[PDB]
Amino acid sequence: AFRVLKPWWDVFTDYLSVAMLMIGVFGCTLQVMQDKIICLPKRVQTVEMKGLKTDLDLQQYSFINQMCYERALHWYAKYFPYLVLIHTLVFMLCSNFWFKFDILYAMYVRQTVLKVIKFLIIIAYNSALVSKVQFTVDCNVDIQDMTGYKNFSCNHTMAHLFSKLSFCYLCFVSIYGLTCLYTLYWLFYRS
């Protein structure tokens, strides 16, 4: 049993990585649902209101749905759980890297530094690209030849859920990086 040589930071990171995998599985299940985006045209042809007749079939609506999923929605907004799953696989692979490997000190600080830089890169990229998960999307695909409308407004059904999942994911990686930075401080504070 290596639990004696497993301090609190390693066990905390293990449980956090399990949480990462659970979050990624939940996000993949969210992406499993067929109904992803819902698109309606713009400028479509007490006061009584009347519904606007878009003059569109079901399959035309589905076509605009997938087209605006293609060319208007952000790639991170479409594969955020995908990146989450890949990156937690990387986390559990390189979390036991020192265990699965002055050479002892060397590979231990190598593991800590690799974990720290992965954490920092994840923080930078997530903080940069998290704002792109929006509900109201403006889509300007050129399918006027088939539908008749050149501009569309769409809604991403689970965009709020992806933003909340990204907030929880960022909190988890934040605790991860705080405990790993404490590990690095303890390692490099003394010889």
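So that there is no doubt, residue numbering starts at 1 and follows the sequence shown. Take the two forms, find the largest set of C-alpha atoms that superpose within 1.5 Å, and that set is the rigid core.
Averaged over structures and residues, the CA distance from the shown form in 5 other deposited structures of this protein after a core fit is larger for 102 to 110, of the two stretches 102 to 110 and 78 to 86. Between stretches 30 to 38 and 148 to 156, the one whose Cα atoms sit farther from the displayed model in 5 other deposited structures of this protein on average is 30 to 38 (core-aligned, root mean square). According to the PDB entry, the deposited sequence contains 10 or more residues between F101 and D102 that lack coordinates. According to the record, 10 or more deposited residues between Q45 and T46 are left without atomic coordinates.
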